[PDB]
Amino acid sequence: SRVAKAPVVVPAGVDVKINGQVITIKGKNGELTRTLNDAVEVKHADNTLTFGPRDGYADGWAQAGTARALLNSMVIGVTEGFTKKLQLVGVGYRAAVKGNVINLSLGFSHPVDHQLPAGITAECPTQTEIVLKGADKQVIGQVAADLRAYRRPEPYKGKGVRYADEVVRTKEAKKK
Amino acid sequence: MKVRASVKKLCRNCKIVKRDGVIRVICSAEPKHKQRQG
Amino acid sequence: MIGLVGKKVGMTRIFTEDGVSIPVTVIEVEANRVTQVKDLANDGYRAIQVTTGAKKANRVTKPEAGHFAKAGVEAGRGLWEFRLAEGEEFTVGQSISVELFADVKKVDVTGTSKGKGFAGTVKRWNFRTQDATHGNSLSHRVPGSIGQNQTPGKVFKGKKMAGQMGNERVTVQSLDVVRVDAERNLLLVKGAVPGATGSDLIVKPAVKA
Amino acid sequence: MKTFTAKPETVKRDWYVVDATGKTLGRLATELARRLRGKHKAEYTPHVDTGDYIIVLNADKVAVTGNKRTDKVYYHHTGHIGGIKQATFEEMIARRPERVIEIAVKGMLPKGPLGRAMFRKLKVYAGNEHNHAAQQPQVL
Amino acid sequence: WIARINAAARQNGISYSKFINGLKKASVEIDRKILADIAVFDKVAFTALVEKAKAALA
RNA sequence: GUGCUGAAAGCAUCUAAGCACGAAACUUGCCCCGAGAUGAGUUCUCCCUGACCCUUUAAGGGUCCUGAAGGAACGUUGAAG
RNA sequence: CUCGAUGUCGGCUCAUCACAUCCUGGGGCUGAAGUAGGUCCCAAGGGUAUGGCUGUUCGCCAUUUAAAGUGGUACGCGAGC
């Protein structure tokens, strides 16, 4: 189908700072930076930007697609704030935030602490949750993965570290 | 199962995916037909 | 990072109901540091060590003189060491048979494998059937006759043949220690220890890692 | 008279210093192999003893073209049977450019004796300029 | 012979491939190789001979 | 094998940019050999500083006086052979 | 290709490689609750039975084992038995 990529406005609080391949973006939560296409650059007119390849062929426009989409999450990141819960399904399960050292008891003999890489906060409201608090959906991703990975819910119960909205068909059972 | 054979996509809610050729059959339905020839 | 000393027999301290104490007396007579280097023309840390009653009178010459580099009493053959952050030629130049290495831990030893001289299959393996009496054809001990018929073969290099024997390293590793009497030089282990009173041994802490 | 310039037994040796910090990697070997023979050289009839004298620097800056950064068979089997064969990919070996890679010239030389005369005798190193363990004198 | 001509003539422009081609064009100018070793004794001649080809190549 | 973020392909997607895990396999860690590593490496210490000649003279060739550090030889031997 | 000679099967001894892996290691699906399995992917580090009957290889049987792998090597091996 028809794709596109272009709409990326610079709201308030955020701050642009291009530099060809390299680029950052200040904001309440922070900034960032990342490699990109070498012979290609963006372009900050006023409120929006316009990524653009200096060559017309197949592996061209495609590079922009991931560019402008990547910057979206940035402004959204420094201003909006990024979250992602995790519900602990299973008896003895209970996450307990203690800052940079989440302490978990997931059935495994002995508890297991998952040091959180500086960049995302968490605070289980009840003795049963896990809420991520960061700006980089990238980074929060992994932390969210390893969190669930600690004991992802198996299709027979769901008893595991499922994401809040994690629709699991734990409906699996029987013999015959 | 994961299926190492060489079938195709099949079904409806199954994606193709291209990381290495993997015909794949991933579907929220059942992992049964995934067919990752790897 | 440690000292070396002649084995010299082994005994036990037959506990009442035990004898667990099965060490091997290894008179640990101190060394003579002072000798070492760093990056200015050499390798790494290192540390020379020499301990014995070499007749400083007559036998070894150049070495005695080689020892003059701010040392004291030239013993037998000198060995080296490595890092550990030890002292140096800036304070004494005379180690001891004890320091900070700890205690009770396990200390490995490396005597000198004797050597039964030339040895065979049966010998360097302890495995090869056959008889002797109605034999007298393949009378046991033969290599037991090893190889092919008509084959590339190459007799397959490295296959365990006769081979000889003789003084060789070893290294036991592990081996806790029941006692020690500094100055008196009296280190004990727990059996094992290669050699037979006519060795040297390195007695290192424990490269367990 | 019989035309053929003699073999003054490696008459002259012109010293040089490549960079290797470049981007040509494998391509460079040829103009590195041609050189230690009789490339730029006109007279000094090759075939017979001869050579030149150049030197490599860091060289650690190579990537080859395709995914060669990740390939290159490389094994240095030994007279040990017992199933040996030490295969290590290029990047796995690029960690310490030794008798290999930079030494891609060896397989490019006449091989055996005499060619063997040039061999590593060009020096390699891997750090460019610092403490040139090599002869500091005249070079280009 | 060509191994050296290819090694001598090219250093001063135009490879052995182009060399004989320049040389090729002439009414009388054609003196073969062998003596081609000029690169060893009469370099000036030889380089003065590479122009006879370089400048010669149409 | 598992994934993240992610376009190509208004989603989706483990990948095309880009990060992260991951086995008795591979490199290493442990033990032995190991500078003939002719690419013959390093460091420490010891010993030798008397006269002349003929050449086709920088190549040497040769005589007398010296002979060290050390090695070896012999002998007494060895848990070494 | 060997008939101016390349000694057969099985056993013993001692092996070396392959992977289409028997055990152990890591994974995917399961008509996978668990325990145990089924199957497929990856993986050759190491390990991989004593006897009764028979010339046997093999096989059946008794009893073990984590397991008692398939195959190449002149159906490996008689100037070795």
# chains A, B, ... in the order shown; residues from 1 in each chain; ligands from 1
$ residues_around --residues "segment 51-66 of chain G" --least-positions-apart "4" --cutoff "10 Å" --atoms "only C-alpha atoms (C1' of nucleotides)" --output "PDB file with C-alpha atoms (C1' of nucleotides), in the first residue's frame"
ATOM      1  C1'   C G   9      34.861 -63.977   8.030  1.00  0.00           C
ATOM      2  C1'   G G  10      34.774 -63.454  13.290  1.00  0.00           C
ATOM      3  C1'   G G  11      37.694 -62.456  17.807  1.00  0.00           C
ATOM      4  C1'   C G  23      23.599 -40.074  27.030  1.00  0.00           C
ATOM      5  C1'   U G  24      24.670 -35.594  28.802  1.00  0.00           C
ATOM      6  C1'   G G  47      31.090 -40.486  27.487  1.00  0.00           C
TER       7        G G  47
END
$ closest_atom_pairs --of "chain G" --to "chain C" --cutoff "9 Å" --atoms "only C-alpha atoms (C1' of nucleotides)" --output "JSON lines"
{"residue": "G:6", "atom": "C1'", "partner": "C:150", "partner_atom": "CA", "distance": 8.9}
{"residue": "G:12", "atom": "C1'", "partner": "C:130", "partner_atom": "CA", "distance": 8.4}
{"residue": "G:13", "atom": "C1'", "partner": "C:144", "partner_atom": "CA", "distance": 5.0}
{"residue": "G:14", "atom": "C1'", "partner": "C:146", "partner_atom": "CA", "distance": 4.6}
{"residue": "G:15", "atom": "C1'", "partner": "C:147", "partner_atom": "CA", "distance": 7.4}
{"residue": "G:16", "atom": "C1'", "partner": "C:156", "partner_atom": "CA", "distance": 7.7}
{"residue": "G:73", "atom": "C1'", "partner": "C:151", "partner_atom": "CA", "distance": 7.9}
{"residue": "G:74", "atom": "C1'", "partner": "C:150", "partner_atom": "CA", "distance": 6.1}
{"residue": "G:76", "atom": "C1'", "partner": "C:148", "partner_atom": "CA", "distance": 6.2}
{"residue": "G:77", "atom": "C1'", "partner": "C:148", "partner_atom": "CA", "distance": 3.5}
{"residue": "G:78", "atom": "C1'", "partner": "C:149", "partner_atom": "CA", "distance": 8.0}
{"residue": "G:80", "atom": "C1'", "partner": "C:145", "partner_atom": "CA", "distance": 3.8}
{"residue": "G:81", "atom": "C1'", "partner": "C:138", "partner_atom": "CA", "distance": 5.8}
$ write_last_selection --atoms "N, CA and C atoms (P, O5', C5', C4', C3', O3' and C1' of nucleotides)" --output "PDB file, in the first residue's frame"
ATOM      1  P     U G   6      50.933 -59.024  -5.662  1.00  0.00           P
ATOM      2  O5'   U G   6      49.864 -58.277  -4.747  1.00  0.00           O
ATOM      3  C5'   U G   6      50.280 -57.446  -3.667  1.00  0.00           C
ATOM      4  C4'   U G   6      49.115 -57.168  -2.746  1.00  0.00           C
ATOM      5  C3'   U G   6      48.420 -58.382  -2.141  1.00  0.00           C
ATOM      6  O3'   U G   6      49.040 -58.900  -0.971  1.00  0.00           O
ATOM      7  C1'   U G   6      46.801 -56.908  -3.034  1.00  0.00           C
ATOM      8  P     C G  12      36.711 -58.694  20.663  1.00  0.00           P
ATOM      9  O5'   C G  12      38.272 -58.919  20.890  1.00  0.00           O
ATOM     10  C5'   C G  12      38.734 -59.783  21.922  1.00  0.00           C
ATOM     11  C4'   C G  12      40.243 -59.831  21.939  1.00  0.00           C
ATOM     12  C3'   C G  12      40.990 -58.507  22.103  1.00  0.00           C
ATOM     13  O3'   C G  12      41.049 -58.071  23.454  1.00  0.00           O
ATOM     14  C1'   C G  12      42.033 -59.817  20.428  1.00  0.00           C
ATOM     15  P     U G  13      41.007 -56.499  23.775  1.00  0.00           P
ATOM     16  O5'   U G  13      42.356 -55.943  23.125  1.00  0.00           O
ATOM     17  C5'   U G  13      43.634 -56.284  23.672  1.00  0.00           C
ATOM     18  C4'   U G  13      44.746 -55.696  22.828  1.00  0.00           C
ATOM     19  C3'   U G  13      44.582 -54.216  22.577  1.00  0.00           C
ATOM     20  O3'   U G  13      45.036 -53.398  23.645  1.00  0.00           O
ATOM     21  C1'   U G  13      45.079 -55.312  20.534  1.00  0.00           C
ATOM     22  P     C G  14      44.110 -52.199  24.179  1.00  0.00           P
ATOM     23  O5'   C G  14      44.603 -50.948  23.329  1.00  0.00           O
ATOM     24  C5'   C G  14      45.939 -50.885  22.852  1.00  0.00           C
ATOM     25  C4'   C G  14      45.981 -50.214  21.504  1.00  0.00           C
ATOM     26  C3'   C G  14      45.025 -49.071  21.293  1.00  0.00           C
ATOM     27  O3'   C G  14      45.475 -47.856  21.875  1.00  0.00           O
ATOM     28  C1'   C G  14      45.020 -50.460  19.382  1.00  0.00           C
ATOM     29  P     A G  15      44.390 -46.764  22.335  1.00  0.00           P
ATOM     30  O5'   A G  15      43.202 -46.975  21.294  1.00  0.00           O
ATOM     31  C5'   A G  15      42.711 -45.895  20.506  1.00  0.00           C
ATOM     32  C4'   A G  15      43.164 -46.041  19.072  1.00  0.00           C
ATOM     33  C3'   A G  15      42.686 -44.985  18.080  1.00  0.00           C
ATOM     34  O3'   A G  15      43.505 -43.825  18.163  1.00  0.00           O
ATOM     35  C1'   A G  15      42.517 -47.153  17.120  1.00  0.00           C
ATOM     36  P     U G  16      42.867 -42.435  18.656  1.00  0.00           P
ATOM     37  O5'   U G  16      42.348 -41.751  17.316  1.00  0.00           O
ATOM     38  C5'   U G  16      43.263 -41.148  16.411  1.00  0.00           C
ATOM     39  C4'   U G  16      42.652 -41.050  15.037  1.00  0.00           C
ATOM     40  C3'   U G  16      41.296 -40.345  14.982  1.00  0.00           C
ATOM     41  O3'   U G  16      41.325 -38.926  14.949  1.00  0.00           O
ATOM     42  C1'   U G  16      41.180 -42.382  13.792  1.00  0.00           C
ATOM     43  P     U G  73      35.306 -48.072   4.400  1.00  0.00           P
ATOM     44  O5'   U G  73      36.611 -47.500   5.111  1.00  0.00           O
ATOM     45  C5'   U G  73      37.397 -46.491   4.490  1.00  0.00           C
ATOM     46  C4'   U G  73      38.538 -46.092   5.391  1.00  0.00           C
ATOM     47  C3'   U G  73      39.448 -47.241   5.805  1.00  0.00           C
ATOM     48  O3'   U G  73      40.460 -47.475   4.832  1.00  0.00           O
ATOM     49  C1'   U G  73      38.865 -45.937   7.704  1.00  0.00           C
ATOM     50  P     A G  74      41.364 -48.801   4.924  1.00  0.00           P
ATOM     51  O5'   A G  74      40.390 -49.985   4.498  1.00  0.00           O
ATOM     52  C5'   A G  74      39.604 -49.910   3.311  1.00  0.00           C
ATOM     53  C4'   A G  74      39.553 -51.262   2.638  1.00  0.00           C
ATOM     54  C3'   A G  74      39.683 -52.498   3.535  1.00  0.00           C
ATOM     55  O3'   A G  74      38.846 -53.519   3.015  1.00  0.00           O
ATOM     56  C1'   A G  74      41.333 -52.559   1.847  1.00  0.00           C
ATOM     57  P     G G  76      36.611 -53.183   8.426  1.00  0.00           P
ATOM     58  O5'   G G  76      37.635 -51.980   8.612  1.00  0.00           O
ATOM     59  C5'   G G  76      38.245 -51.365   7.483  1.00  0.00           C
ATOM     60  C4'   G G  76      39.575 -50.777   7.877  1.00  0.00           C
ATOM     61  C3'   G G  76      40.511 -51.824   8.430  1.00  0.00           C
ATOM     62  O3'   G G  76      41.221 -52.389   7.338  1.00  0.00           O
ATOM     63  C1'   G G  76      40.410 -49.993   9.918  1.00  0.00           C
ATOM     64  P     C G  77      41.470 -53.977   7.273  1.00  0.00           P
ATOM     65  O5'   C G  77      42.525 -54.261   8.433  1.00  0.00           O
ATOM     66  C5'   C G  77      43.664 -53.429   8.579  1.00  0.00           C
ATOM     67  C4'   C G  77      44.276 -53.580   9.953  1.00  0.00           C
ATOM     68  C3'   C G  77      44.539 -54.891  10.627  1.00  0.00           C
ATOM     69  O3'   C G  77      45.835 -55.356  10.273  1.00  0.00           O
ATOM     70  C1'   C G  77      43.848 -53.233  12.199  1.00  0.00           C
ATOM     71  P     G G  78      46.011 -56.674   9.372  1.00  0.00           P
ATOM     72  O5'   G G  78      46.189 -57.864  10.386  1.00  0.00           O
ATOM     73  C5'   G G  78      47.294 -57.840  11.277  1.00  0.00           C
ATOM     74  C4'   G G  78      48.111 -59.105  11.149  1.00  0.00           C
ATOM     75  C3'   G G  78      48.886 -59.224   9.865  1.00  0.00           C
ATOM     76  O3'   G G  78      50.180 -58.618  10.006  1.00  0.00           O
ATOM     77  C1'   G G  78      47.764 -61.267  10.360  1.00  0.00           C
ATOM     78  P     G G  80      55.621 -57.407  12.588  1.00  0.00           P
ATOM     79  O5'   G G  80      54.233 -56.629  12.491  1.00  0.00           O
ATOM     80  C5'   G G  80      53.005 -57.351  12.463  1.00  0.00           C
ATOM     81  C4'   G G  80      52.570 -57.664  13.869  1.00  0.00           C
ATOM     82  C3'   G G  80      51.604 -58.819  14.019  1.00  0.00           C
ATOM     83  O3'   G G  80      52.201 -60.109  14.006  1.00  0.00           O
ATOM     84  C1'   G G  80      50.867 -57.003  15.344  1.00  0.00           C
ATOM     85  P     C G  81      51.269 -61.399  13.768  1.00  0.00           P
ATOM     86  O5'   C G  81      50.615 -61.686  15.193  1.00  0.00           O
ATOM     87  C5'   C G  81      51.404 -62.105  16.302  1.00  0.00           C
ATOM     88  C4'   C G  81      50.506 -62.479  17.457  1.00  0.00           C
ATOM     89  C3'   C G  81      49.496 -63.592  17.154  1.00  0.00           C
ATOM     90  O3'   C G  81      50.026 -64.897  17.323  1.00  0.00           O
ATOM     91  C1'   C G  81      48.362 -61.751  18.093  1.00  0.00           C
TER      92        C G  81
END
$ closest_residue --among "A:106, A:144, A:168, A:39" --to "chain B" --atoms "only C-alpha atoms"
A:168
$ residues_around --residues "residue 104 of chain A" --least-positions-apart "5" --cutoff "9 Å" --atoms "only C-alpha atoms (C1' of nucleotides)" --output "ChimeraX atom specification"
/A:93-97,111-114
$ residues_around --residues "residue 134 of chain D" --least-positions-apart "5" --cutoff "10 Å" --atoms "only C-alpha atoms (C1' of nucleotides)" --output "ChimeraX atom specification"
/D:55,122-125
$ residues_around --residues "residue 139 of chain D" --least-positions-apart "5" --cutoff "7 Å" --atoms "only C-alpha atoms (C1' of nucleotides)" --output "PyMOL selection string"
chain D and resi 15-17
$ interface_residues --of "chain G" --to "chain A" --cutoff "10 Å" --atoms "only C-alpha atoms (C1' of nucleotides)" --output "PyMOL selection string"
chain G and resi 31-33
$ write_last_selection --atoms "C-alpha atoms (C1' of nucleotides)" --output "PDB file, in the first residue's frame"
ATOM      1  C1'   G G  31      -3.251 -33.818  21.171  1.00  0.00           C
ATOM      2  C1'   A G  32       3.161 -29.894  26.623  1.00  0.00           C
ATOM      3  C1'   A G  33      -0.646 -29.295  34.211  1.00  0.00           C
TER       4        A G  33
END
$ interface_residues --of "chain B" --to "chain A" --cutoff "12 Å" --atoms "only C-alpha atoms" --output "list in words"
residues 28, 29, 30 and 31 of chain B
$ atom_distance --atom1 "atom CA of residue 54 of chain C" --atom2 "atom CA of residue 30 of chain C"
14.6 Å
$ interface_residues --of "chain C" --to "chain F" --cutoff "12 Å" --atoms "only C-alpha atoms (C1' of nucleotides)" --output "PyMOL selection string"
chain C and resi 8-9+35-44+46+48+60-70+78+110+112-118+164-174+194-199+206-209
